[PDB]
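**Student:** Just structure_25.cif, nothing more (mmCIF, C-alpha atoms and all ligand atoms):
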data_data
#
loop_
_atom_site.label_atom_id
_atom_site.label_comp_id
_atom_site.auth_asym_id
_atom_site.auth_seq_id
_atom_site.Cartn_x
_atom_site.Cartn_y
_atom_site.Cartn_z
CA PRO L 1 -16.70 34.11 -16.53
CA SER L 2 -15.31 31.08 -14.70
CA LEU L 3 -14.47 27.67 -16.12
CA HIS L 4 -16.51 26.06 -13.34
CA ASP L 5 -19.55 28.13 -14.35
CA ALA L 6 -19.29 26.86 -17.93
CA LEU L 7 -18.88 23.26 -16.76
CA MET L 8 -22.01 23.44 -14.59
CA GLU L 9 -23.94 24.85 -17.55
CA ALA L 10 -22.63 22.00 -19.70
CA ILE L 11 -23.86 19.45 -17.15
CA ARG L 12 -27.38 20.92 -17.15
CA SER L 13 -27.60 20.96 -20.97
CA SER L 14 -25.92 17.59 -21.63
CA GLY L 15 -29.15 15.67 -22.29
CA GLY L 16 -28.18 13.11 -19.65
CA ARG L 17 -27.93 9.43 -20.53
CA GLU L 18 -29.88 10.19 -23.72
CA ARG L 19 -26.85 11.45 -25.66
CA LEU L 20 -24.49 8.66 -24.56
CA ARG L 21 -23.52 5.80 -26.84
CA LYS L 22 -25.66 2.70 -26.32
CA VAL L 23 -23.38 -0.09 -25.09
CA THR L 24 -23.95 -3.52 -23.57
CA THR L 25 -23.11 -4.24 -19.93
CA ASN L 26 -21.37 -7.47 -18.96
CA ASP L 27 -23.08 -7.22 -15.58
CA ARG L 28 -22.05 -9.80 -12.98
CA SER L 29 -23.55 -8.10 -9.92
CA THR X 1 -11.37 7.87 -24.68
CA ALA X 2 -11.25 8.50 -20.95
CA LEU X 3 -12.09 5.67 -18.56
CA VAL X 4 -14.65 5.80 -15.75
CA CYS X 5 -14.13 3.50 -12.76
CA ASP X 6 -16.74 3.65 -9.97
CA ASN X 7 -15.38 1.59 -7.06
CA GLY X 8 -18.03 0.57 -4.53
CA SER X 9 -17.98 -1.45 -1.32
CA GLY X 10 -19.70 -4.32 -3.11
CA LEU X 11 -19.50 -3.70 -6.86
CA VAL X 12 -17.03 -2.26 -9.36
CA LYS X 13 -18.63 -0.30 -12.21
CA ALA X 14 -16.22 0.37 -15.07
CA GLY X 15 -16.42 1.51 -18.67
CA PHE X 16 -15.64 4.28 -21.15
CA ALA X 17 -16.62 7.94 -20.90
CA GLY X 18 -19.36 8.76 -23.39
CA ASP X 19 -21.05 5.37 -23.05
CA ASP X 20 -24.50 5.12 -21.48
CA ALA X 21 -23.64 2.25 -19.12
CA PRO X 22 -20.54 0.55 -17.67
CA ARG X 23 -19.07 -2.21 -19.79
CA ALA X 24 -18.25 -4.30 -16.71
CA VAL X 25 -19.88 -4.77 -13.31
CA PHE X 26 -18.35 -7.30 -10.92
CA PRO X 27 -17.89 -7.82 -7.16
CA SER X 28 -15.21 -5.76 -5.42
CA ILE X 29 -13.58 -8.85 -3.93
CA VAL X 30 -10.23 -10.62 -3.83
CA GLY X 31 -10.13 -14.30 -2.88
CA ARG X 32 -7.43 -16.59 -1.49
CA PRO X 33 -7.47 -20.35 -0.79
CA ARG X 34 -9.27 -21.24 2.45
CA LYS X 35 -3.52 -20.00 -7.93
CA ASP X 36 -2.41 -17.18 -5.63
CA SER X 37 -5.38 -14.81 -5.77
CA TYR X 38 -8.72 -14.56 -7.56
CA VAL X 39 -10.17 -11.13 -8.36
CA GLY X 40 -13.76 -10.21 -9.09
CA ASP X 41 -16.01 -12.88 -10.55
CA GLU X 42 -13.50 -15.69 -10.72
CA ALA X 43 -13.37 -15.21 -6.93
CA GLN X 44 -17.19 -15.15 -6.94
CA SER X 45 -17.55 -18.24 -9.14
CA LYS X 46 -15.22 -19.84 -6.56
CA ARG X 47 -16.97 -18.50 -3.46
CA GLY X 48 -16.87 -22.02 -1.97
CA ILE X 49 -13.19 -22.87 -1.38
CA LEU X 50 -11.65 -19.38 -1.09
CA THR X 51 -11.77 -16.70 1.59
CA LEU X 52 -13.03 -13.42 0.14
CA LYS X 53 -11.80 -9.99 1.21
CA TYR X 54 -13.39 -6.61 0.48
CA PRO X 55 -10.74 -3.88 -0.03
CA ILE X 56 -13.47 -1.20 0.29
CA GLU X 57 -15.44 -1.02 3.54
CA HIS X 58 -18.22 1.51 4.11
CA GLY X 59 -17.16 3.22 0.90
CA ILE X 60 -13.54 3.69 2.01
CA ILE X 61 -10.52 1.86 0.59
CA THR X 62 -8.91 0.00 3.50
CA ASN X 63 -6.76 -2.71 1.82
CA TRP X 64 -4.52 -1.02 -0.75
CA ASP X 65 -2.76 -4.19 -1.94
CA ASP X 66 -6.05 -5.87 -2.85
CA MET X 67 -7.38 -2.60 -4.26
CA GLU X 68 -4.39 -2.59 -6.62
CA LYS X 69 -5.44 -6.09 -7.71
CA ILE X 70 -8.96 -4.79 -8.38
CA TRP X 71 -7.65 -1.88 -10.45
CA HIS X 72 -5.28 -4.16 -12.38
CA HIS X 73 -8.13 -6.60 -13.07
CA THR X 74 -10.39 -3.73 -14.18
CA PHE X 75 -7.86 -2.31 -16.66
CA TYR X 76 -6.42 -5.47 -18.19
CA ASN X 77 -9.02 -8.22 -17.75
CA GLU X 78 -12.33 -6.32 -17.99
CA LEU X 79 -11.77 -3.19 -20.09
CA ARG X 80 -8.80 -4.64 -22.04
CA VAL X 81 -6.92 -1.34 -22.13
CA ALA X 82 -3.42 -0.17 -21.35
CA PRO X 83 -3.85 2.45 -18.58
CA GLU X 84 -0.98 4.45 -20.11
CA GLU X 85 -3.26 5.40 -23.03
CA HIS X 86 -6.38 6.55 -21.17
CA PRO X 87 -7.24 9.32 -18.71
CA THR X 88 -9.03 7.63 -15.82
CA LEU X 89 -11.82 9.16 -13.74
CA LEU X 90 -12.20 7.57 -10.31
CA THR X 91 -14.90 8.06 -7.68
CA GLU X 92 -14.70 8.48 -3.92
CA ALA X 93 -17.09 8.43 -1.00
CA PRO X 94 -18.16 11.69 0.66
CA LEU X 95 -15.64 12.83 3.28
CA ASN X 96 -12.97 10.48 1.92
CA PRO X 97 -9.84 11.09 4.05
CA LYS X 98 -7.14 13.24 2.48
CA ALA X 99 -4.55 10.47 2.85
CA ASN X 100 -6.81 8.09 0.92
CA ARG X 101 -7.36 10.31 -2.12
CA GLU X 102 -3.64 11.15 -2.18
CA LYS X 103 -2.71 7.45 -2.28
CA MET X 104 -5.33 6.88 -4.98
CA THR X 105 -3.54 9.50 -7.09
CA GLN X 106 -0.08 8.11 -6.33
CA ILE X 107 -1.01 4.56 -7.32
CA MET X 108 -2.69 5.67 -10.56
CA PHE X 109 0.32 7.70 -11.72
CA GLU X 110 3.19 5.65 -10.29
CA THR X 111 1.85 2.08 -10.54
CA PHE X 112 -0.52 2.22 -13.53
CA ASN X 113 1.16 5.16 -15.33
CA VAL X 114 -2.07 6.86 -16.40
CA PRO X 115 -1.57 10.01 -18.52
CA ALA X 116 -4.24 11.81 -16.50
CA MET X 117 -6.77 11.14 -13.77
CA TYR X 118 -9.43 12.70 -11.55
CA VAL X 119 -11.34 11.83 -8.37
CA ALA X 120 -15.00 12.85 -8.12
CA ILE X 121 -17.43 12.50 -5.22
CA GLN X 122 -19.86 9.67 -5.96
CA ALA X 123 -23.04 11.48 -4.91
CA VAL X 124 -22.09 14.56 -6.95
CA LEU X 125 -21.83 12.40 -10.08
CA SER X 126 -25.32 11.00 -9.43
CA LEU X 127 -26.71 14.54 -9.29
CA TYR X 128 -24.97 15.33 -12.59
CA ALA X 129 -26.53 12.23 -14.16
CA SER X 130 -30.00 13.68 -13.51
CA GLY X 131 -29.08 16.97 -15.22
CA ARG X 132 -28.75 18.86 -11.93
CA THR X 133 -25.94 20.82 -10.31
CA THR X 134 -27.85 21.74 -7.12
CA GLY X 135 -29.76 19.25 -4.99
CA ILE X 136 -29.51 16.68 -2.22
CA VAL X 137 -28.61 13.09 -3.08
CA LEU X 138 -29.50 9.97 -1.10
CA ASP X 139 -26.84 7.43 -2.11
CA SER X 140 -27.36 3.92 -0.72
CA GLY X 141 -25.24 1.04 -1.97
CA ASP X 142 -23.93 -2.18 -0.42
CA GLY X 143 -22.00 -0.93 2.60
CA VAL X 144 -22.94 2.67 3.41
CA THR X 145 -25.74 5.23 2.98
CA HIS X 146 -25.13 8.98 2.66
CA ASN X 147 -27.11 12.19 2.34
CA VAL X 148 -25.07 14.68 0.33
CA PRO X 149 -26.41 18.22 -0.16
CA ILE X 150 -24.79 19.90 -3.16
CA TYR X 151 -24.69 23.56 -4.20
CA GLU X 152 -23.49 24.16 -7.78
CA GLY X 153 -21.22 21.15 -7.97
CA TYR X 154 -19.86 21.51 -4.42
CA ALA X 155 -20.83 19.09 -1.67
CA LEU X 156 -21.50 20.84 1.64
CA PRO X 157 -19.36 18.81 4.07
CA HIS X 158 -20.85 20.06 7.34
CA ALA X 159 -24.32 18.90 6.24
CA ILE X 160 -23.37 15.45 4.92
CA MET X 161 -25.23 12.76 6.84
CA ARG X 162 -24.36 9.08 7.10
CA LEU X 163 -26.21 5.86 7.90
CA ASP X 164 -24.00 2.81 8.36
CA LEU X 165 -26.52 0.38 6.90
CA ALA X 166 -27.06 -0.54 3.27
CA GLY X 167 -27.68 -3.46 0.92
CA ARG X 168 -25.50 -6.06 2.63
CA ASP X 169 -27.25 -5.46 5.96
CA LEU X 170 -30.63 -5.74 4.24
CA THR X 171 -29.60 -9.04 2.63
CA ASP X 172 -28.51 -10.35 6.03
CA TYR X 173 -31.79 -9.21 7.58
CA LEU X 174 -33.92 -10.86 4.89
CA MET X 175 -31.89 -14.01 5.52
CA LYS X 176 -32.64 -13.75 9.24
CA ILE X 177 -36.39 -13.26 8.89
CA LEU X 178 -36.78 -15.89 6.16
CA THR X 179 -35.20 -18.43 8.53
CA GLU X 180 -37.50 -17.33 11.34
CA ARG X 181 -40.26 -18.20 8.85
CA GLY X 182 -38.92 -21.76 8.56
CA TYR X 183 -36.50 -21.69 5.61
CA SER X 184 -32.77 -22.44 5.65
CA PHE X 185 -30.24 -20.09 4.01
CA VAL X 186 -26.81 -20.95 5.45
CA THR X 187 -24.47 -21.66 2.53
CA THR X 188 -22.82 -18.96 0.45
CA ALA X 189 -24.90 -20.09 -2.53
CA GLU X 190 -28.05 -19.75 -0.42
CA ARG X 191 -27.02 -16.22 0.61
CA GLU X 192 -26.87 -15.33 -3.08
CA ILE X 193 -30.43 -16.65 -3.41
CA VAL X 194 -31.52 -14.35 -0.58
CA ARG X 195 -29.87 -11.39 -2.32
CA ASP X 196 -31.78 -12.27 -5.49
CA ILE X 197 -35.08 -12.52 -3.60
CA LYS X 198 -34.31 -9.12 -2.08
CA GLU X 199 -33.62 -7.47 -5.43
CA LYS X 200 -36.59 -9.08 -7.22
CA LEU X 201 -39.48 -9.19 -4.73
CA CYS X 202 -38.86 -6.68 -1.93
CA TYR X 203 -40.57 -3.29 -1.79
CA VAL X 204 -41.14 -0.36 0.58
CA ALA X 205 -44.60 -0.13 2.13
CA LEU X 206 -46.34 3.24 2.20
CA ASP X 207 -47.32 2.47 5.80
CA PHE X 208 -45.71 -0.38 7.72
CA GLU X 209 -48.60 -1.22 10.05
CA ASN X 210 -51.27 -1.09 7.34
CA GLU X 211 -49.16 -3.39 5.17
CA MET X 212 -48.52 -5.83 8.01
CA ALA X 213 -52.28 -6.02 8.62
CA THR X 214 -52.92 -6.78 4.94
CA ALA X 215 -50.31 -9.56 4.95
CA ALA X 216 -51.78 -11.02 8.14
CA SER X 217 -55.36 -11.32 6.88
CA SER X 218 -54.88 -12.24 3.20
CA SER X 219 -52.46 -13.79 0.72
CA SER X 220 -52.66 -10.74 -1.56
CA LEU X 221 -49.06 -9.64 -0.89
CA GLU X 222 -47.48 -13.09 -1.20
CA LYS X 223 -45.12 -13.95 -4.05
CA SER X 224 -43.81 -17.19 -5.50
CA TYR X 225 -40.05 -17.61 -5.83
CA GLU X 226 -38.54 -20.53 -7.74
CA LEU X 227 -35.18 -21.66 -6.39
CA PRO X 228 -32.46 -22.55 -8.94
CA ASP X 229 -33.06 -26.27 -8.42
CA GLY X 230 -36.83 -26.02 -8.83
CA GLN X 231 -38.50 -25.69 -5.42
CA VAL X 232 -41.05 -22.88 -5.08
CA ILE X 233 -41.22 -20.96 -1.81
CA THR X 234 -43.63 -18.22 -0.76
CA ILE X 235 -42.47 -14.75 0.33
CA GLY X 236 -44.96 -12.74 2.36
CA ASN X 237 -44.49 -9.73 4.63
CA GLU X 238 -40.71 -10.24 4.43
CA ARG X 239 -41.04 -8.46 1.07
CA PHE X 240 -41.50 -5.10 2.81
CA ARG X 241 -40.17 -5.87 6.30
CA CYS X 242 -36.63 -6.05 4.90
CA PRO X 243 -36.35 -2.55 3.33
CA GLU X 244 -38.43 -1.05 6.15
CA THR X 245 -35.10 -1.13 8.01
CA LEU X 246 -33.97 1.85 5.91
CA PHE X 247 -36.65 3.97 7.61
CA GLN X 248 -36.51 2.16 10.98
CA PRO X 249 -32.91 1.00 11.61
CA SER X 250 -33.92 -0.37 15.03
CA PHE X 251 -35.09 -3.52 13.23
CA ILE X 252 -31.42 -4.58 13.14
CA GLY X 253 -30.45 -2.98 16.46
CA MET X 254 -29.22 0.40 15.19
CA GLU X 255 -30.50 3.48 17.01
CA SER X 256 -29.47 5.77 14.13
CA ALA X 257 -32.06 7.85 12.30
CA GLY X 258 -33.71 6.43 9.20
CA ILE X 259 -33.14 7.76 5.71
CA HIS X 260 -36.12 10.12 5.79
CA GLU X 261 -34.69 11.67 8.96
CA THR X 262 -31.09 11.89 7.75
CA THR X 263 -32.42 13.62 4.63
CA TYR X 264 -34.36 16.15 6.71
CA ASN X 265 -31.47 16.65 9.13
CA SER X 266 -29.08 17.18 6.21
CA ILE X 267 -31.30 19.87 4.67
CA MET X 268 -31.69 21.55 8.06
CA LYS X 269 -27.90 21.76 8.40
CA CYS X 270 -27.75 23.81 5.18
CA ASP X 271 -28.24 27.56 4.88
CA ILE X 272 -31.95 28.38 5.00
CA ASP X 273 -31.79 30.10 1.60
CA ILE X 274 -30.91 26.90 -0.30
CA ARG X 275 -33.27 24.56 1.56
CA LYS X 276 -36.11 25.27 -0.88
CA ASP X 277 -34.04 24.04 -3.83
CA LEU X 278 -32.85 21.00 -1.85
CA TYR X 279 -36.40 19.95 -0.93
CA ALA X 280 -37.41 20.12 -4.60
CA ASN X 281 -34.37 18.20 -5.88
CA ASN X 282 -34.07 15.03 -3.77
CA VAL X 283 -32.22 12.56 -6.02
CA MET X 284 -32.04 8.86 -5.15
CA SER X 285 -29.04 6.83 -6.28
CA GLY X 286 -27.45 3.49 -5.55
CA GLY X 287 -28.68 -0.08 -5.78
CA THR X 288 -30.36 0.03 -2.37
CA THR X 289 -32.68 2.83 -3.54
CA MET X 290 -34.12 0.52 -6.23
CA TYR X 291 -36.98 -0.83 -4.08
CA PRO X 292 -40.44 -0.20 -5.58
CA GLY X 293 -42.35 2.28 -3.44
CA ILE X 294 -39.31 4.00 -1.94
CA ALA X 295 -39.96 7.35 -3.64
CA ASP X 296 -43.61 7.47 -2.54
CA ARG X 297 -42.63 6.61 1.04
CA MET X 298 -39.84 9.20 1.12
CA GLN X 299 -42.29 11.79 -0.24
CA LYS X 300 -44.79 10.95 2.52
CA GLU X 301 -42.17 10.98 5.27
CA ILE X 302 -40.37 14.17 4.21
CA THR X 303 -43.72 15.92 3.75
CA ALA X 304 -44.55 14.99 7.35
CA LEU X 305 -41.28 16.61 8.52
CA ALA X 306 -41.10 19.72 6.30
CA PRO X 307 -43.17 22.94 6.36
CA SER X 308 -46.68 22.43 5.03
CA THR X 309 -46.10 24.88 2.15
CA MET X 310 -42.83 23.30 0.98
CA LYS X 311 -42.77 21.69 -2.46
CA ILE X 312 -41.27 18.19 -2.08
CA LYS X 313 -39.97 16.23 -5.06
CA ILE X 314 -38.25 12.84 -5.03
CA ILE X 315 -36.38 11.99 -8.24
CA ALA X 316 -35.65 8.27 -8.67
CA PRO X 317 -34.22 7.63 -12.14
CA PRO X 318 -34.68 4.09 -13.49
CA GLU X 319 -30.92 3.79 -14.07
CA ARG X 320 -29.97 4.83 -10.54
CA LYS X 321 -28.05 1.68 -9.65
CA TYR X 322 -25.52 3.02 -12.19
CA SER X 323 -26.18 6.74 -11.65
CA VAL X 324 -22.73 7.43 -10.18
CA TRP X 325 -21.05 5.79 -13.17
CA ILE X 326 -23.31 7.52 -15.70
CA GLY X 327 -22.54 10.85 -14.05
CA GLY X 328 -18.83 10.14 -14.40
CA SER X 329 -19.35 9.12 -18.02
CA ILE X 330 -21.11 12.43 -18.69
CA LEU X 331 -18.57 14.56 -16.82
CA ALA X 332 -15.49 12.97 -18.40
CA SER X 333 -16.90 13.33 -21.94
CA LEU X 334 -17.61 17.08 -21.66
CA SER X 335 -15.29 19.38 -23.58
CA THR X 336 -15.18 21.87 -20.70
CA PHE X 337 -13.76 19.12 -18.44
CA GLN X 338 -10.50 18.80 -20.42
CA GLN X 339 -8.56 21.33 -18.32
CA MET X 340 -9.80 19.73 -15.07
CA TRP X 341 -7.81 16.50 -15.44
CA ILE X 342 -4.74 16.03 -13.28
CA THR X 343 -1.99 15.40 -15.83
CA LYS X 344 1.08 13.27 -15.19
CA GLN X 345 3.07 16.44 -15.84
CA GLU X 346 1.18 18.16 -13.02
CA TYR X 347 1.73 15.16 -10.74
CA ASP X 348 5.50 15.22 -11.28
CA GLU X 349 5.67 18.88 -10.24
CA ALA X 350 3.40 18.84 -7.18
CA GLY X 351 3.06 15.22 -6.06
CA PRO X 352 0.05 13.31 -4.73
CA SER X 353 -1.33 16.35 -2.87
CA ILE X 354 -2.25 17.91 -6.25
CA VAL X 355 -5.60 16.12 -5.85
CA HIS X 356 -6.60 18.57 -3.10
CA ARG X 357 -6.18 21.54 -5.45
CA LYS X 358 -7.73 19.97 -8.57
CA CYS X 359 -10.49 17.68 -7.21
CA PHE X 360 -13.14 19.32 -5.02
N1 LIG O 401 -33.42 -4.01 -7.60
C1 LIG O 401 -32.80 -3.94 -6.40
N2 LIG O 401 -33.50 -3.86 -5.25
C2 LIG O 401 -32.89 -3.79 -4.05
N3 LIG O 401 -31.56 -3.79 -3.89
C3 LIG O 401 -30.73 -3.87 -4.97
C4 LIG O 401 -31.32 -3.94 -6.31
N4 LIG O 401 -30.30 -4.01 -7.18
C5 LIG O 401 -29.15 -3.97 -6.46
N5 LIG O 401 -29.41 -3.89 -5.15
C6 LIG O 401 -28.40 -3.83 -4.06
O1 LIG O 401 -27.54 -2.70 -4.20
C7 LIG O 401 -26.28 -3.01 -3.58
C8 LIG O 401 -25.12 -2.56 -4.46
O2 LIG O 401 -25.39 -1.26 -4.97
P1 LIG O 401 -24.21 -0.23 -5.33
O3 LIG O 401 -23.42 -0.75 -6.51
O4 LIG O 401 -24.81 1.15 -5.40
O5 LIG O 401 -23.31 -0.32 -3.99
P2 LIG O 401 -21.71 -0.18 -3.96
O6 LIG O 401 -21.30 1.06 -4.70
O7 LIG O 401 -21.09 -1.50 -4.35
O8 LIG O 401 -21.47 -0.01 -2.37
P3 LIG O 401 -21.38 1.38 -1.54
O9 LIG O 401 -22.02 2.42 -2.43
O10 LIG O 401 -22.17 1.11 -0.28
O11 LIG O 401 -19.90 1.55 -1.33
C9 LIG O 401 -26.26 -4.52 -3.35
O12 LIG O 401 -26.48 -4.77 -1.96
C10 LIG O 401 -27.47 -5.03 -4.11
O13 LIG O 401 -28.07 -6.18 -3.51
CA CA O 402 -21.25 3.35 -4.40
CA CA O 403 -35.26 3.62 15.85
#
Write the structure described by the file as structure tokens, please.
Ligand SMILES: Nc1ncnc2c1ncn2[C@@H]1O[C@H](COP(=O)(O)OP(=O)(O)OP(=O)(O)O)[C@@H](O)[C@H]1O
Ligand SMILES: [Ca+2]
Ligand SMILES: [Ca+2]
**Tutor:**
Amino acid sequence: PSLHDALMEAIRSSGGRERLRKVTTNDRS
Amino acid sequence: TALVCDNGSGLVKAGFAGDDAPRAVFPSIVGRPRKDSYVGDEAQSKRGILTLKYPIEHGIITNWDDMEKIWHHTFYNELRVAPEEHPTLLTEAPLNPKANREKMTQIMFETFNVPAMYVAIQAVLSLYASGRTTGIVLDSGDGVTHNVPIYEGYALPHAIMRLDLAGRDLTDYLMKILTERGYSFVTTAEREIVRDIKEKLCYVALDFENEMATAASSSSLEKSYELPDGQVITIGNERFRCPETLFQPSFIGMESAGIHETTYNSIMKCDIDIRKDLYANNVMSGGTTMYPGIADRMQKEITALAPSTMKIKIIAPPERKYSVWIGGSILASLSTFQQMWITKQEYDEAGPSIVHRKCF
């Protein structure tokens, strides 16, 4: 019933890094 | 396309929400002659005739002029975006002072003219990246180490623990013990070699004394390291003596508790009814948690401290040196997050203190 409740549910069911666009890192660490 | 900027004591991680990794990672440094200033890697690639300054110390922004240079360099030089066209998610350390987060907001809206922004707690984002909204995060980077227990997206401030030792201290300690072995690492270029040895060959022993005995009676734990010029040196028990400091800070003269003990103390400061879920959801994040063997050692040490019937689980994702950023990339690309942004319209009405009402 709260927006925060829906957001937390969305975080748990997001698939994690799996559903994020594969990009290349210009990593200069 | 919202932006995600994860500002650390040592490294900036920046990219676009929805991507699986930051587009740009570069040192959080500004350099001046020993042109006017050099920011990021051009300061790094000139680490020899400039004096470097770190605008973030122990996870806290302390030099706001140089931090502005970092943010300008991130937007224009690295991401190649106009900040006026992109909502920008920023990250903060646990227990970041109210004045700091308010000035973060003011600079974003008034100096960079972002249409919207947000400030999230770094350890919370790392928990999100692992698909969790309850758990306890061990976040260890370059300047600071934190234990952050989290209940349904909310950090529990009274139970947050801190250890003021992280990757930079470990690099310095590996430098110290390699020189006690007979090597010389004095130049800035040689310090970067020590950091590379640390990140490539160091590991956490399951038991310090057993491992020392193995290294004393055999060559089985020794590794070859080829310097950039060509010389090959041998690394022995320094491989695990260096990160042992995380569990035994007295190796560098700190009487603080090690990371297994700050984790246990953090859980014990939480309400008893959530401790079971915390013990089963220990998430490791930050570059200094990357050592091989660290999860198995934490499991052993926490098991020794916790009730014998408690289920202990250490989660150490392979991407955890970018877990904070990935968590921000996930959060900022969720449709339910749209109403959470601080809009420039909201900033004009309330002012910089709007961050206290919208970011928590
Ligand atoms: N594979 C590895 N093994 C050990 N240490 C590593 C590894 N990779 C990176 N590190 C260390 O992690 C540190 C930087 O990590 P991270 O980006 O999490 O810190 P930060 O966000 O810049 O600083 P902080 O979080 O303390 O403000 C550096 O000291 C680096 O040497
Ligand atoms: Ca960090
Ligand atoms: Ca001690």
**Student:** At a cut-off of 7 Å, which residues of chain L touch chain X? Count all atoms listed in the file and give the answer as a VMD selection string.
**Tutor:** chain L and resid 7 to 8 11 to 12 16 to 17 20 to 29
**Student:** Taking 4 positions as the minimum chain separation for residues in the same chain, which residues sit within 8 Å of residue X:146 when counting only C-alpha atoms? Answer as a ChimeraX atom specification.
**Tutor:** /X:94,137-140,160-163
**Student:** Ranking X:261, X:349, X:36, X:92 by minimum distance to ligand CA 403 (chain O) and counting all atoms listed in the file, which one comes first?
**Tutor:** X:261
**Student:** Which residues come within 8 Å of residue X:225, counting all atoms listed in the file, excluding same-chain residues fewer than 3 positions away, as a list in words?
**Tutor:**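 Those residues are residues 197, 232, 233, 234 and 235 of chain X.
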**Student:** Separation of atom CA of residue X:352 and atom CA of residue X:81, in Å?
**Tutor:**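 Going from atom CA of residue X:352 over to atom CA of residue X:81 covers 23.8 Å.
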**Student:** One number please: atom CA of residue X:285 to atom CA of residue X:58, in Å, one decimal.
**Tutor:**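 Atom CA of residue X:285 sits 15.9 Å away from atom CA of residue X:58.
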**Student:** In Å, how far is it from atom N3 of ligand LIG 401 (chain O) to atom CA of residue X:68?
**Tutor:**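 Separating atom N3 of ligand LIG 401 (chain O) from atom CA of residue X:68 is a distance of 27.3 Å.
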**Student:** Can you pull out every residue with an atom within 7 Å of ligand CA 402 (chain O)? Use only C-alpha atoms and all ligand atoms and format it as a PDB file with C-alpha atoms, in the coordinates of the input.
**Tutor:**
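Dumped to result16.pdb:
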ATOM      1  CA  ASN X   7     -15.380   1.590  -7.060  1.00  0.00           C
ATOM      2  CA  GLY X   8     -18.030   0.570  -4.530  1.00  0.00           C
ATOM      3  CA  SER X   9     -17.980  -1.450  -1.320  1.00  0.00           C
ATOM      4  CA  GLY X  59     -17.160   3.220   0.900  1.00  0.00           C
ATOM      5  CA  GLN X 122     -19.860   9.670  -5.960  1.00  0.00           C
ATOM      6  CA  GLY X 141     -25.240   1.040  -1.970  1.00  0.00           C
ATOM      7  CA  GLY X 286     -27.450   3.490  -5.550  1.00  0.00           C
TER       8      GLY X 286
END
**Student:** Give me, as a list in words, all polymer residues having an atom no more than 10 Å from residue X:238, counting only C-alpha atoms and skipping those fewer than 2 positions away in the same chain.
**Tutor:**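 Using only C-alpha atoms, the neighbours found are residues 173, 174, 175, 177, 178, 181, 198, 201, 202, 203, 212, 215, 221, 222, 234, 235, 236, 240, 241, 242, 243 and 244 of chain X.
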**Student:** May I have the centre and edge lengths, in Å to one decimal, of an axis-aligned box around the listed atoms of ligand LIG 401 (chain O) with 5 Å added to every side, as lines of an AutoDock Vina configuration file?
**Tutor:**
center_x = -26.7
center_y = -1.9
center_z = -3.9
size_x = 23.6
size_y = 18.6
size_z = 17.3
**Student:** Taking all atoms listed in the file into account, which residues are within 9 Å of ligand CA 403 (chain O), as a ChimeraX atom specification?
**Tutor:** /X:247-251,253-258
**Student:** For a quick check of understanding, using only C-alpha atoms and all ligand atoms, which of X:121, X:159, X:302, X:56 has the smallest distance to ligand LIG 401 (chain O)?
**Tutor:** X:56
**Student:** Put stretch 133-140 of chain X into a file with N, CA, C and O atoms, as a JSON list (two decimals), in the first residue's frame.
**Tutor:**
[["chain", "number", "residue", "atom", "x", "y", "z"],
["X", 133, "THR", "N", 16.83, -6.65, 0.23],
["X", 133, "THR", "CA", 16.45, -5.41, 0.90],
["X", 133, "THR", "C", 16.62, -5.48, 2.41],
["X", 133, "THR", "O", 16.44, -4.45, 3.08],
["X", 134, "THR", "N", 16.93, -6.65, 2.97],
["X", 134, "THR", "CA", 17.33, -6.81, 4.36],
["X", 134, "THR", "C", 18.65, -7.58, 4.40],
["X", 134, "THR", "O", 18.85, -8.51, 3.62],
["X", 135, "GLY", "N", 19.55, -7.17, 5.28],
["X", 135, "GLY", "CA", 20.84, -7.81, 5.41],
["X", 135, "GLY", "C", 21.82, -6.89, 6.10],
["X", 135, "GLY", "O", 21.48, -5.77, 6.49],
["X", 136, "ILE", "N", 23.04, -7.39, 6.25],
["X", 136, "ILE", "CA", 24.14, -6.60, 6.79],
["X", 136, "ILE", "C", 25.29, -6.62, 5.79],
["X", 136, "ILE", "O", 25.74, -7.68, 5.36],
["X", 137, "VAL", "N", 25.76, -5.43, 5.42],
["X", 137, "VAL", "CA", 26.79, -5.26, 4.40],
["X", 137, "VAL", "C", 28.12, -4.95, 5.08],
["X", 137, "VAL", "O", 28.17, -4.13, 6.00],
["X", 138, "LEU", "N", 29.18, -5.62, 4.64],
["X", 138, "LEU", "CA", 30.54, -5.20, 4.95],
["X", 138, "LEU", "C", 31.10, -4.51, 3.70],
["X", 138, "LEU", "O", 31.34, -5.17, 2.68],
["X", 139, "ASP", "N", 31.28, -3.20, 3.79],
["X", 139, "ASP", "CA", 31.78, -2.38, 2.69],
["X", 139, "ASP", "C", 33.18, -1.91, 3.04],
["X", 139, "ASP", "O", 33.37, -1.17, 4.01],
["X", 140, "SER", "N", 34.17, -2.35, 2.26],
["X", 140, "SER", "CA", 35.57, -2.00, 2.51],
["X", 140, "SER", "C", 36.18, -1.52, 1.20],
["X", 140, "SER", "O", 36.29, -2.30, 0.24]]
